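Undergrad: Opening with a subset of the complex:
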Amino acid sequence: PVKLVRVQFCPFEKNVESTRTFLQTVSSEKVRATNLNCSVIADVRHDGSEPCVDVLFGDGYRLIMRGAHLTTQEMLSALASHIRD
Amino acid sequence: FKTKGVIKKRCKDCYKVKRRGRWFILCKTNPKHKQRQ
Amino acid sequence: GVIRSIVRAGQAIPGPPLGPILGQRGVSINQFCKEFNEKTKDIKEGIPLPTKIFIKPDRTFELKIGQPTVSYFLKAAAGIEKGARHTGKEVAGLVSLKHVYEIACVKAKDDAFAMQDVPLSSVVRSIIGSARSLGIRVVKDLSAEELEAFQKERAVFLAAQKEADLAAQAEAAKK
Amino acid sequence: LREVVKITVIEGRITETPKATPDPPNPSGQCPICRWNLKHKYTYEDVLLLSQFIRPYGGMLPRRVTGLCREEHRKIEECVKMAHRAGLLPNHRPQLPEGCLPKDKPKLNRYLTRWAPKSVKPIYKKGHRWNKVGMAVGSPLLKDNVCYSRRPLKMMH
Amino acid sequence: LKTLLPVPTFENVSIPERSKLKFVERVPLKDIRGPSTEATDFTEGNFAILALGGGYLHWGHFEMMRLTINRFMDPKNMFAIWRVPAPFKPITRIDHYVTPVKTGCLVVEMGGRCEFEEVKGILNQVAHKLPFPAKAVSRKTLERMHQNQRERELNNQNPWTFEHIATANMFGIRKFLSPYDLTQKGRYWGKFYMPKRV
Amino acid sequence: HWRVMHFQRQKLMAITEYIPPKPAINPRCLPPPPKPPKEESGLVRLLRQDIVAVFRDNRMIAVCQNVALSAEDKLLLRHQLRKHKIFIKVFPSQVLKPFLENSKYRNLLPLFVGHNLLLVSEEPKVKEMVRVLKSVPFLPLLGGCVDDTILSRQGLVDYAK
Amino acid sequence: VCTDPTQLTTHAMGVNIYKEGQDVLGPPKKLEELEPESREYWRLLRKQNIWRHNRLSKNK
């Protein structure tokens, strides 16, 4: 029931790892199949930009999540409550 | 709820709690497994 | 949904073993066998071939087939219609290395389950393991006399097994 | 200490934390209780020590954050229950979700309370001199505390 | 990178042909009132049931052990033997015969290419149904059991002990003691064994 | 059935009860005993050589995160990469740390964190790596070194051209 | 199928099995045999560990 899920982060900088783990959970074959409406995409960059997660819904609601100080579980917790709408 | 002298988990989903002064095993999958001490 | 089967090309309609399973999903069994029969014509008839039919959400047939099975061929190579009923010490197959290597080379050509292992050592050992699974002992090389003596021993043993079958049949009759 | 702020866009901001008093009296102690020589010298009455391990709404903090050993984590947890039941933590009361008010039933004063008052049944057959049923006071977990009495503390009243 | 060790090798343990427990013929006060002097050694097997009290095992218990133990043991890998005699002591209202057992006796012995954990459950279950208190002990556990007992005596911090007071008649205590108490030293009372008593 | 003991006997039992010796300080509260010399199991030493071998053999080492994609789908990627004669390597990170701590490559330690996969080959078909990466969109690339030169994904893209 | 000792020992039965195509070493290494520091050694020991775990897990 999710239109699209976008995650961006800086690999070589030693910073938040929750976003990377959160991407792994998002990039799960079971999860991807269940929410078949979404095509998961992962991208990387070098700039001093804190990791940012962008979620797109068909209704137009956009949920942006930064792992800067959020743990991976809290990321998923926010999603599920938002997914329920 | 069967009240038994010794309580034993009966399946994977069975879990244990301490309610109102006694030990309970409660199973979400199978209500038959509910037990009290 | 992918459905496995080891059916032989010669007979394309097993029926109860697969038809109702396929029917439970809901398909035309005759259509399944006919395309299987098309593959039967391409292959020599009466030899098992692994199949990987996929029943799509559209309820269509997507047949995928592979080379002849190792287990049946090893039985065929050993000339065993029905394999040894114990296989712990009952050996009905005595295979030379040259036969083992040649057949293994043919084996490593399917992609479905990735028999693409570069070293033939893997494939040869894989078929040797199948031989161990079956009542077959993989000899390095055998003499024709040993096969004749072994065949004579097997015939005597099979005669004893037939006597054992007669004893079992007599016991079954009593039961 | 990080707090989550929502806007949807939500982000967590890390804030500076108050620092522990430096130079513990007993360095090389694993548990924070033993780096200050408090192994057997605290009870439910010591709100100042107990409060440090408590969430703002009265819950115990996880062991992996406090760093306490299991033996002392259980003692702190039990002491906190007794402290809550004694009304010594008026500012760590449970949060009221919505449309809920405190029971308004008058509060009975209690201390050294082992069990939750809700689930303890009355002793209707108290028993005679030698079969007397005992009313438990205190916690067994604190049986090793330093005692300044001639005889050990009377747990069963 | 989970670490691992070579699996314990029981290859040395041969399997007796008659692995299953044999049958027991139903027909062929101090007997249970003291420490045992028989069957206390493991011998061939590594796992056995330890009698922690004094009791009589009549034919009914023998069958329960027989049937339960026989069913689950694997002939290829497990075997068992009996460590106590068949019922021989008369009982009258000569109704039946009961085999006496003393605290410390090994009622039944098991062995084979199996770990204790595998045989823990059934032996404990079988023990629970025995008339006297019992337990399932491996070779290590019984050794540890004795070692702890000896360790307790050495490191005891109580100056006074039952043996010294009893033997020396301190306090005039032997007025209230039985002649057998001097030998037992307070460990054994009636048919009961007190492990915590040094 | 227990038979009541004479009170004098019961007094004797009470006074002769075992008393254990009590230490002044709990062993847990005390500093932990120093670890004895450890034993290397035949998993790190052999794998250590494998890490040594892959670095020695492969001039270019590029790192990408493990995607937890179905092994049935890993095979085709491995088969697709095998057709391009590019190999995949996966190793435990913790035993990879000591070499990466002291080796020619030491700034790649942040990359070698968590589930990961290694792009190893003998030829710098770096442009084709993107094509193999483009085959599966969701799989990302974290960085690494190509032709013994450490660079990030954005730099790799420019290097690929 | 072929049932001739001469053909069995001098011809390849399985090279070609299609209609158009006509008919044309020790025991598994023990932990002692396996080299202690070889991958072969540890991959069979791991299998032995699985065997032990399954054996223990049976009763629970």
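TA: Everything's here; your move. Numbering: from 1, shown residues only, chains lettered A, B, ... in the order given.
Undergrad: What helix or strand is the nearest residue in space to residue D:54 that is not next to it in sequence located in?
TA: Spatial nearest neighbour of residue D:54, excluding adjacent residues (Cβ to Cβ, 6 or more residues apart in numbering or on different chains): residue D:92 at 5.9 Å. C-beta coordinates here come from the backbone N, C-alpha and C atoms, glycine included. In the assignment (DSSP states H and E), residue D:92 maps to no helix and no strand.
Undergrad: same deal with the one 10 residues further on?
TA: Under the criterion DSSP H and E, no helix or strand holds residue D:102.
Undergrad: mind exporting stretch F:10-27 as CSV, just the C-alpha atoms?
TA: Output in CSV follows, covering the C-alpha atoms of stretch F:10-27 (Å, rounded to 0.1, in the frame of the first residue of the first chain):
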residue,chain,number,x,y,z
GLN,F,10,16.0,-31.0,67.6
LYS,F,11,18.2,-28.5,69.5
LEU,F,12,21.3,-30.6,68.6
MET,F,13,20.4,-30.5,64.9
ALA,F,14,19.8,-26.8,64.9
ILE,F,15,23.2,-25.9,66.4
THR,F,16,25.2,-28.3,64.1
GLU,F,17,23.8,-26.9,60.9
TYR,F,18,26.3,-26.3,58.1
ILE,F,19,27.7,-22.7,58.0
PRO,F,20,29.3,-21.7,54.7
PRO,F,21,32.4,-19.4,54.5
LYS,F,22,31.4,-15.9,53.4
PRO,F,23,33.7,-13.8,51.2
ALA,F,24,34.0,-10.1,52.0
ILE,F,25,33.6,-9.0,48.4
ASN,F,26,31.5,-10.5,45.6
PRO,F,27,33.7,-11.9,42.9
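Undergrad: Give me the buried positions along that stretch.
TA: Within stretch F:10-27, the residues scored as buried using 16 or more other Cβ atoms under 10 Å in any protein chain shown are F:12, F:16.
Undergrad: Around chain F, which positions in chain A sit nearby?
TA: For chain A, the residues found near chain F under the criterion Cβ under 8 Å from any Cβ of the partner chain are A:11-14, A:17, A:20-21, A:23-24, A:27-29, A:32, A:39-46.
Undergrad: burial of residue 51, as a residue count?
TA: If you meant another chain, say so; for now it's chain A. Using other Cβ atoms under 10 Å in any protein chain shown, the number of residues around residue A:51 comes to 25.
Undergrad: hm, I was asking about chain G
TA: The number of residues packed near residue G:51 is 11, by other Cβ under 10 Å.
Undergrad: ok, now chain H:
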Amino acid sequence: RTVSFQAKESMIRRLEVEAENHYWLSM
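TA: Placing chain H onto the earlier chains gives this:
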């Protein structure tokens, strides 16, 4: 019947007196 604290001590005191009696009868 649990044995009282005072009862246990008074027996120990007497035992110590008799314990000394052993020493003085040994010479």
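Undergrad: Same as before for the neighbour count of residue A:51, with chain H this time.
TA: Residue A:51 has 25 nearby residues by other Cβ under 10 Å.
Undergrad: Please report how far it lies from residue A:38.
TA: 19 Å (Cβ to Cβ, to the nearest Å).
Undergrad: just residue C:126 next, same as before
TA: 40 Å.
Undergrad: When these two are compared, which one has more neighbours?
TA: Between residue C:126 and residue A:38, counting by other Cβ under 10 Å, residue A:38 is the more crowded of the two (19 against 16).
Undergrad: Residue D:151 against residue H:9, yeah?
TA: No. Counting by Cβ atoms under 8 Å, residue D:151 does not reach residue H:9; the two are 11.5 Å apart.
Undergrad: Just give the nearest non-adjacent residue to the residue in chain B positioned nearest to chain C, would you?
TA: Using Cβ to the nearest Cβ, residue B:29 is the residue of chain B that sits closest to chain C, at 25.8 Å. Excluding its sequence neighbours, the residue lying closest to residue B:29 (Cβ to Cβ, 6+ apart) is residue B:13, at 4.6 Å.
Undergrad: same thing with residue G:18?
TA: The shortest distance from residue G:18 to any residue other than its chain neighbours is 5.1 Å, reached at residue C:44 (Cβ to Cβ, 6+ apart).
Undergrad: Am I right that the one you found falls within a strand?
TA: No. Counting by DSSP: H, G, I helix; E, B strand; the rest coil, residue C:44 falls outside a strand, being coil.
Undergrad: right, and it touches residue G:17 too?
TA: Yes. Here residue C:44 reaches residue G:17: they are 5.6 Å apart, a contact under Cβ under 8 Å.
Undergrad: And for the residue of chain B closest to chain C, the neighbour number?
TA: Using other Cβ under 10 Å, residue B:29 has 10 other residues around it.
Undergrad: What separation do you get for it and chain D?
TA: Between residue B:29 and chain D the computed distance is 27 Å (Cβ to the nearest Cβ, to the nearest Å).
Undergrad: Just say helix, strand or coil for that residue.
TA: Assigned by three-state DSSP, the conformation of residue B:29 is coil.
Undergrad: Look up phi and psi at it.
TA: Residue B:29 adopts backbone torsions of phi -70, psi -50, taken as degrees, to the nearest 10.
Undergrad: separation between it and residue B:1?
TA: Using Cβ to Cβ, one obtains 16 Å as the distance from residue B:29 to residue B:1.
Undergrad: RNA strand I should go on the structure too:
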RNA sequence: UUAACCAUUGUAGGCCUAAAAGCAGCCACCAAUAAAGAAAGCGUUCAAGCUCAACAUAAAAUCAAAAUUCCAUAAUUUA
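TA: Putting RNA strand I together with the chains above:
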């Protein structure tokens, strides 16, 4: 030890079994895979199918002294 995750493939492997494919039956009990039992419990027209062990990343650490009507009052620390 018990906390996250995953489960591919030689092969539906010898066998009376209609069919039993790890898991009716009985048989031995090796292969590839960086990583996975010729299977440990589930499920079984039969199978597909639910997990445990495989791999990876993941934190901790032996037993405890019913029937007339309740029945002293009470009490945890001053040497």
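Undergrad: since we added RNA strand I, can you redo the buried residues of stretch F:10-27?
TA: Going by neighbour count (16+ other Cβ under 10 Å), the buried part of stretch F:10-27 is F:11, F:12, F:15, F:16.
Undergrad: would you say the second one is within a strand?
TA: Pointing back at residue F:12 there. No. According to three-state DSSP, residue F:12 belongs to no strand; its state is helix.
Undergrad: give me every residue that touches it.
TA: In this structure, residue F:12 makes contact with E:162, E:165, E:171, E:173, E:176, E:186, H:11, judged by Cβ atoms under 8 Å, 6 or more residues apart in numbering or on different chains.
Undergrad: Could you identify the most distant pair in those residues?
TA: Across these, no pair lies farther apart than E:186 and H:11, at 15.2 Å, counting by Cβ to Cβ.
Undergrad: Three-state assignment for the most centrally placed residue in chain D, please.
TA: Taking Cα atoms, centre = their mean, the centroid of chain D lies closest to residue D:80, which sits 1.0 Å from it. Assigned with three-state DSSP, residue D:80 falls in the helix class.
Undergrad: which element is the closest residue to it other than its chain neighbours on?
TA: With sequence-adjacent residues excluded and distances taken as Cβ to Cβ, 6+ apart, residue D:80 is closest to residue D:50, at 5.4 Å. Under the criterion of DSSP H and E, residue D:50 resides in helix D:47-51.
Undergrad: Residues in contact with that helix: which ones?
TA: Defining contact as Cβ under 8 Å, 6+ apart, one finds that helix D:47-51 is touched by D:38, D:42, D:44, D:76, D:79, D:80, D:83, D:88, D:89, D:92.
Undergrad: Please pick the buried ones from those.
TA: The neighbour-count test (16+ other Cβ under 10 Å) marks D:38, D:42, D:44, D:76, D:79, D:80, D:83, D:88, D:89, D:92 as buried among the contacts of helix D:47-51.
Undergrad: Distance to residue C:35 added to the residues you listed, as a markdown table?
TA: Formatted as a markdown table, these follow (distance: Cβ to Cβ, whole Å):
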| residue | distance to residue C:35 |
| --- | --- |
| D:38 | 80 |
| D:42 | 80 |
| D:44 | 79 |
| D:76 | 72 |
| D:79 | 76 |
| D:80 | 72 |
| D:83 | 77 |
| D:88 | 81 |
| D:89 | 76 |
| D:92 | 73 |
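Undergrad: Just the closest of those to chain E, please.
TA: Proximity of the buried ones among the contacts of helix D:47-51 to chain E (Cβ to the nearest Cβ) peaks at residue D:38, which lies at 27.3 Å.
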